[PDB]
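What follows is each chain in one-letter form.
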Number of protein chains: 2
Amino acid sequence: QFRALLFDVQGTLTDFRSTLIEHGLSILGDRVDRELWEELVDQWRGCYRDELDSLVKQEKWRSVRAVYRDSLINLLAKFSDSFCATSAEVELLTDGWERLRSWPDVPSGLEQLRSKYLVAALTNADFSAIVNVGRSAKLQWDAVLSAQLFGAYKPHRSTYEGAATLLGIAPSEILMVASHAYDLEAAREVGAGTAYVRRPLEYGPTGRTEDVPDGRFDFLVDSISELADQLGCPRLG
Amino acid sequence: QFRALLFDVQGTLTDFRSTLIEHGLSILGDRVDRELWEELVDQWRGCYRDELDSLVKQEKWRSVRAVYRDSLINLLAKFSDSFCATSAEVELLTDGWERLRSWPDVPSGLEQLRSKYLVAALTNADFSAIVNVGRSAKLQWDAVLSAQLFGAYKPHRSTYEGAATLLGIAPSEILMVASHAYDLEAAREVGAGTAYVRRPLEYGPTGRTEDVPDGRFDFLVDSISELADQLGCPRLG
């Protein structure tokens, strides 16, 4: 069936929200409260995807770190009555995105898959960012692929097809793995397999995610270890 | 001093000659004698080098797999009196270059360096080839980089500069590691440190290797683990 598994990373494998909440509360200290900062974090994620959505239609690529920084600065202006931050603090706050921890199933799941499949990241994050998160989130890849290599973000066909060309495999022999349906739907359009990972805590203990029904994608799992089971990979020691 | 180590792979970390000799004898069996096959492998490697030297001068890039395949077809014609190969066998023999075994020091040496440094591959081999070599050679990277990503082979400055921009690290904070002096000299020009790894068996128990004196490059070692020691990395368990 498949030769390689292509992974979305942010949210799919990493809990970005907990880190950005705790990191921002560490940096800003007594100057911001949980509900103020949590509301900021949630609008920040929206601003990034809205800018990335705009860039895809326009067929342009830019530093994704710069996207995060630009949208944070815009949000800090909105909240300028409540608190402020220096340029250095804006840099440290923006760095939170590159210190993500992975969900607890991920490292054992990724290793268990490596016995039958090549495992690569295909991320919209900049190349250096995914390399950096790899250390804090304990990710170990066969290859790292980023929108920066292709000059185009997912859901663009160029990213999935370029990933397949670089890997030397037909798109039909890629299983694409993601906790975001848009990413899986685009991969299906190039012939790739689809595997959805439910992440109920991706947007916090409250706040819900897509209750995906069975049969929309080829697999629907609650962990990478579970996906590995269904792909004929044995459990580790 | 250094944030990342950039590794050449073929030869520096992998014994391509032992691999291709035993790989060919497995495919061809009794139809060729070992000493004859050894002569083809040594000329095959020579063809590959002469071809890459000319493509570098012309500033062109082409699939390195096709370089191996086209040069093999020429040598099979030259040796056609002694043995022959089917079209399928030509593909299998060319696959040997994507199944290289690593020198015995390398896997633990790479692991020991990961405690303090980012480790990435930078090879002239195509992207799919270096991914496959990671399994056969048991290499574990933070990132994998290929001349295919840049449309230019080492020693072109664009390859070292592209790697630095992809990893987000200043070339002065990159240590280049190789058993080939051309590669280290070119990285020195871009601003990186240099580490020469002596591989006397790279071209066989017979044949010869390069002369590097002490003080020509920043480090001169006999194994990756020695390099890690000289870089302040604690030993493994």
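Rules and cut-offs
- Residues numbered from 1 in each chain as written, not as in the entry; some residues may be left out.
- Chains lettered and ligands numbered in written order.
- Heavy atoms only, no water.
- Residues with missing side-chain atoms left out of burial classes, pairs and counts.
- Axes fitted to C-alpha atoms, helices over the stretch in contact; angles between N-to-C directions.
- Helix = DSSP H or I, 4+ residues; strand = E, 2+ residues; numbered from the N terminus.
- Parallel < 35°, antiparallel > 145°, perpendicular 65-115°, else oblique.
- Left-handed = near helix turned anticlockwise from the far one by under 90°.
- Contact = heavy atoms within 4.5 Å.
- Domains from an automatic or database assignment.
- Buried area = accessible area lost by both parts, 1.4 Å probe.
- Salt bridge = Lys/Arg side-chain N within 4 Å of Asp/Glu carboxyl O.
- Polar contact = N/O pair within 3.5 Å; in protein donor to acceptor, adjacent residues only side chain to side chain.
- Nonpolar A, V, L, I, M, F, W, Y, C, P; charged D, E, K, R; others polar.

- As stated in the entry header, the method of structure determination is X-ray crystallography and the reported resolution is 2.15 Å.

A short note on the packing of helix α3 (residues 64-78) of chain B against helix α4 (residues 87-95) of chain B
Residue and element names in this part refer to chain B.
Piece 1. Between α3 and α4, whose axes approach to 10 Å, the crossing angle comes to 125 degrees. Comparing their axes, α4 and α3 come out oblique. At the point where α3 passes α4, the crossing takes the right-handed sense. On the side of α3, the interface is formed by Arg-65, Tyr-68, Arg-69, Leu-72, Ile-73 and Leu-76, while α4 contributes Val-90, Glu-91, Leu-93, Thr-94 and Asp-95.

Quick notes on the domain arrangement of chain A
Residue and element names in this part refer to chain A.
Piece 1. With domains assigned, chain A is organised as domain 1 (4-15 + 100-230) and domain 2 (16-98).
Piece 2. Centre-to-centre, using C-alpha coordinates, domain 1 lies 23 Å away from domain 2.
Piece 3. Of the roughly 1900 Å² buried between domain 1 and domain 2 on both sides combined, carbon and sulfur atoms contribute 51%.
Piece 4. Together, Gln-10, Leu-100 and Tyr-153 form the three largest contributors to the area buried by domain 1 at its contact with domain 2, with a combined 34%.

Here we look at the interface of chain B and chain A
Piece 1. Across the contact, 21 residues belong to chain B and 19 residues belong to chain A.
Piece 2. Surface buried jointly by chain B and chain A totals about 1700 Å² across both partners, of which 57% is contributed by carbon and sulfur atoms.
Piece 3. Considering only the side of chain B, the residues that lose the most area to chain A are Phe-127, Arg-135 and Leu-166 of chain B, jointly responsible for 33% of the buried surface there.
Piece 4. Taken together, the connections running from chain B to chain A amount to two salt bridges.
Piece 5. A salt bridge links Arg-135 of chain B to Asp-142 of chain A; the nearest nitrogen and oxygen atoms lie 2.7 Å apart.
Piece 6. Where chain B touches chain A, the interface holds nine residue pairs in polar contact.
Piece 7. Of all the secondary-structure elements, those providing two or more residues to the side of chain B that touches chain A are β4 (118-123), α6 (127-137), β5 (143-146), α7 (147-150) and α8 (157-167) of chain B.
Piece 8. Looking at which element gives the most residues to the side of chain B that touches chain A, the answer is α6 of chain B, with five residues.
Piece 9. When grouped by side-chain class, the residues that make up the side of chain B that touches chain A number 12 nonpolar, six polar and three charged.

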